[PDB]
Amino acid sequence: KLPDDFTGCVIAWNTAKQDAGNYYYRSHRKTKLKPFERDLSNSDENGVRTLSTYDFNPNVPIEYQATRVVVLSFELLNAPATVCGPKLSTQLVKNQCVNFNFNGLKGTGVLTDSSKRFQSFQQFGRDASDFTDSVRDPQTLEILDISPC
Amino acid sequence: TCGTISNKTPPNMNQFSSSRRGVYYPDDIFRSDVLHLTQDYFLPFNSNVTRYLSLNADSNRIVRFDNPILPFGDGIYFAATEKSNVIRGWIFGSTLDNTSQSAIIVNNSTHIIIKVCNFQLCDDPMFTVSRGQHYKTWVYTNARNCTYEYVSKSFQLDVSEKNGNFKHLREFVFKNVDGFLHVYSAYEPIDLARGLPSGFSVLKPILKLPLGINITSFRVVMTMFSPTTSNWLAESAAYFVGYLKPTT
Ligand SMILES: *[C@@H]1O[C@H](CO)[C@@H](O[C@@H]2O[C@H](CO)[C@@H](O)[C@H](O)[C@H]2NC(C)=O)[C@H](O)[C@H]1NC(C)=O
Ligand SMILES: *[C@@H]1O[C@H](CO)[C@@H](O)[C@H](O)[C@H]1NC(C)=O
Ligand SMILES: *[C@@H]1O[C@H](CO)[C@@H](O)[C@H](O)[C@H]1NC(C)=O
Ligand SMILES: *[C@@H]1O[C@H](CO)[C@@H](O)[C@H](O)[C@H]1NC(C)=O
Ligand SMILES: *[C@@H]1O[C@H](CO)[C@@H](O)[C@H](O)[C@H]1NC(C)=O
């Protein structure tokens, strides 16, 4: 089960040539799973198995053919970046109105040094308007102020 | 193998107030200099909180070692008032037997261990202390299909049967949401013989554990002590359980 608040990507591809064999799915349960809950129970109370079997062969009709699924779940917190796209980094350009992109936080404004104390994990700062008024430079870890252009 | 306890007295389940005790950060969003009003599972202020004891009274041969299987609600508040590190951790799951996966979170004397497996639990999941030092772990007999493990960096506890009134209050909130067990905690120095002290507490996020398990029930893992590796003795500690309720 995916949550309603899911952010992420679902990826799948057919592998009927690779993933021949027996694989199992739960056909019945007394209650639905919670989001990202798992239930590994094979036997019931009496001993008969609660799991149904996929028979996967390249000979089965397409709808029954095996697909691998990868589900990527993401977060974009005010915390250090852990996975990034391949973008190359440019030099800083302070005291000019520029477009910027820090850890994928795009924007435009004027960059300057700042007196801001950030928390050890904190990557950006926002004022009461949610205007992002500061950002941690991921290269130097120095804190830059962002001003309106 | 397992330890055993003969003739526990049953839990008396006396009740105390969570007076502003047990606030925690409701979401991972960083906020500064703001007032945030939010609907979430919180322990309401002045809520009833149930006390459970480990206690020994040889003059009556009274033993308490209150480790019942407690329900896990929409999460729990947990507080230990402590002096000799009797409370070592928790077991989370549904059946709390080999028919289901359960998560064990325990301060094993040199490492915090987190495991998710089809544990066969002991009837009394416990640690043991001989002569003021770690003896053996009687938490589970078989691990079976483990699917998560974490072990914290090395340390040492003080494990002696220290005398007097309680000196450590350790507070926790547990939430199981979207397949993460969230753990929040705070620590306060205390100097009291009974109950929870009144006071405001905010609990920092300690863990998000991607445990896909169904958590319906829990119980505490506690130490027993001996000088002679036999006739294991309960030792005075108390823990307090409160239930999170959907409140603003
Ligand atoms: C999680 O585990 C609990 C306990 O194992 C499950 O509760 C059982 O649910 C069925 C149907 O609702 C009842 O007939 C049983 O009596 C319940 N047992 C207990 C001890 O309460 C629960 O269904 C599991 N799944 C979820 C999503 O909570
Ligand atoms: C890479 O990052 C580190 C730490 O953020 C920094 O010291 C270094 O200057 C950066 N760039 C290069 C080319 O090393
Ligand atoms: C539990 O709460 C009720 C009201 O919230 C209170 O009357 C009662 O005294 C509490 N429990 C005990 C043991 O006092
Ligand atoms: C548990 O503690 C014992 C000694 O206290 C230590 O030998 C062991 O390594 C610890 N557990 C793990 C998983 O490291
Ligand atoms: C669990 O482990 C047993 C062996 O101890 C194995 O036979 C069984 O298939 C395993 N189940 C899963 C779901 O991994």
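Going from the start of the chain as shown, residues are counted 1 onward.
Header entry for method reads electron microscopy, 2.6 Å.
Keep in mind that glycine also has a Cβ here, set from the backbone N, Cα and C atoms.
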*Swiss-Prot pairs B:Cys117 with one of B:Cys2, B:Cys146 in a disulfide bond, so which one is it?*
B:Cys146
*Going by Swiss-Prot, point out which residue in B:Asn107, B:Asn145 is annotated as N-linked glycosylation site.*
B:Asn145
*recorded positions near ligand 5 among B:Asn48, B:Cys117, B:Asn145, B:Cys146, B:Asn214 (Cβ under 6 Å)*: B:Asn145
*In whole Å, how far is B:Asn214 (N-linked glycosylation site) from B:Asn48 (N-linked glycosylation site) when you measure between their Cα atoms?*
26
*asked:* Given B:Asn48, B:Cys117, B:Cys146, B:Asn214 as the recorded positions, which ones have a Cβ positioned under 6 Å from some atom of ligand 3?
replied: B:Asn48
*Spatial separation of B:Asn214 (N-linked glycosylation site) from B:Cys146 (disulfide bond) - C-alpha basis, Å*: 15
*asked:* Say we define neighbours as other CB atoms within 10 Å of the CB. Which of the disulfide-bonded residues B:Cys117, B:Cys146 has the fewest?
replied: B:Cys146
*Using a 10 angstroms cut-off on Cβ to Cβ distances, just flag whichever of B:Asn145, B:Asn214 is the loneliest among these glycosylation sites.*
B:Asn145
